[PDB]
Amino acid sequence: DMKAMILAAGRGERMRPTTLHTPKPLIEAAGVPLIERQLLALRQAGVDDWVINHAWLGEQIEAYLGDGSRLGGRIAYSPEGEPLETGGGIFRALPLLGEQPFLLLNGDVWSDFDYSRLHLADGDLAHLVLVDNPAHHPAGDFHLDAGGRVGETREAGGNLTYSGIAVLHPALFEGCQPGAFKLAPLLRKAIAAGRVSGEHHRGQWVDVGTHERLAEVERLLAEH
């Protein structure tokens, strides 16, 4: 019954010339477009109610995915003229999502994470999946303590990278204005107020932002 939102609509400028032709969620990985892999992973978690925003070559996405029935779910689309940010894109799509907490997955993300574990405790505004810091961003985004509480980064020991996977409560967006803005300052505001839980994903995860990262994904899919 929980909905999922795939945050697409990024240009993929670091992935040109490919993304001159096709938007990044439609890039094939091991023969299957990334976003299709994402939606089938949500499907085997029990989540078949999907909201997808797009801006860059977005008509290709709707034409490839249809209404989702081909993959056994329902897709409601949030078309953007100009790109909203990680946060503006979600805020614009809030009417499609409703009042309940929803799953958030960034279009750029591949993982083997068990989406069915995701759960937002009553009182929290956000639950974040965190990963080991990748070599290209070794500093981390957030600290995660033993009680699974997300804080701002500490001097050293405990800092992890936001994976792009979360459960978000709509109230996180109270007072927001219709436009482009990033998700992170809203999470930092909920973090300052102590209302963000998190977990450390220890299995595989790739931010598919470059050709090299796409290769790492396709090497991981070619294991078993």
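The first residue of the sequence shown is number 1, and the count goes up from there.
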Between 206-214 and 7-15, which has the higher average C-alpha B-factor in the PDB entry?
7-15
Going by the B-factors listed in the PDB entry, is the mean over the C-alpha atoms higher for 66-74 or for 37-45?
66-74
Note to self: of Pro185, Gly31, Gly194, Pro170, the C-alpha temperature factor tops out at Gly31
Chain-relative C-alpha B factor for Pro134 (record values, thirds): the highest
Considering every modelled residue of the chain and its Cα B-factor in the PDB entry, is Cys176 in the lowest, middle or highest third?
middle
Based on the deposited C-alpha B factors for this chain, I'd like to know if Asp114 is in the lowest, middle or highest third.
lowest
In terms of the chain's CA B-factor thirds, is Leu26 lowest, middle or highest?
lowest
Within this chain's modelled residues, let me know which third the CA B factor of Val150 belongs to: lowest, middle or highest.
middle
